[PDB]
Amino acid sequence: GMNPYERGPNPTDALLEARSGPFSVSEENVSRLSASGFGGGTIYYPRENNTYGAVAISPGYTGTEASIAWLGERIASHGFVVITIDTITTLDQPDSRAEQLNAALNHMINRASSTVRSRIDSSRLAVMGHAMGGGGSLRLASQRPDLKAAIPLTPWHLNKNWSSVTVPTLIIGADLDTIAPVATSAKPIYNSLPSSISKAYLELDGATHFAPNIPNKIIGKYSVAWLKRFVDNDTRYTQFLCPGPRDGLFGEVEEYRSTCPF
């Protein structure tokens, strides 16, 4: 098609809500010893002979790669090369996690096997992270306006003012989070982002701080729609983001805000 970055079948709610997307995925192990500037991890990549955008995902404080593994694989299965990382130590702070997200992106582009490197369009990169890892994704986005998307999940950073970020950013909050409360963290972060960038706020209903650490159909669906729209420029996914998920009785979320139209 006209957009050279479109991958996969035309989307539906059911296809985005499924446990796995349409792309067969393989894994490349990144040992802690092979990793420069992060703690190792796993690269999930589509076996099909396309090039895809690449995504690095960081866990949060005391969290391991296993706390975010499901989301990396799910996203990769919709047509992305995704690394889920361990950090250098489990106690690393958000700004350290930002440096490690950068190191993880660089590893995929420079240090992985030719099998992985040949499937990456190194010009189309995104970052994600849970909690302090979401704070890391915000810091790195602020330093790297070349990134195509950022998805901070139940994020925390010391700094809530990310008005300098121009990367399309989807903030995911959890209404029952007591560890990084949306009242003091996710919502101040989201409202700091400029009106003039592509951004959205998605607050999960009945959700704790740890909602991102188990398979979650809503997180999977809208993370994939966000990356599709902004890493792939794929306007087939605009309809999922704008006006976006409904709230209330038959809805998907507690609250959704956006700078739609995209």
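Numbering starts at 1 and runs along the sequence shown.
- Higher mean CA temperature factor, per the PDB entry, when comparing 230-238 with 28-36: 28-36.
- Mean C-alpha B-factor is higher over 188-196 than over the other stretch, the pair under comparison being 188-196 and 99-107.
- The PDB entry gives the largest Cα B-factor of the residues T208, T42, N49, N213 to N49.
- In the deposited coordinates, the residue among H157, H78, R117, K148 with the greatest CA B-factor is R117.
- Annotation for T62: C-alpha temperature factor in the middle third relative to the rest of the modelled chain, per the entry.
- When the modelled residues of the chain are ordered by their C-alpha B factor, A112 lands in the highest third.
- Among the modelled residues of its chain, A69 has a C-alpha B-factor that falls in the highest third according to the deposited record.
- Among the modelled residues of its chain, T87 has a C-alpha B-factor that falls in the middle third according to the deposited record.
- In the PDB entry, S123 places in the highest third of its chain by CA B-factor.
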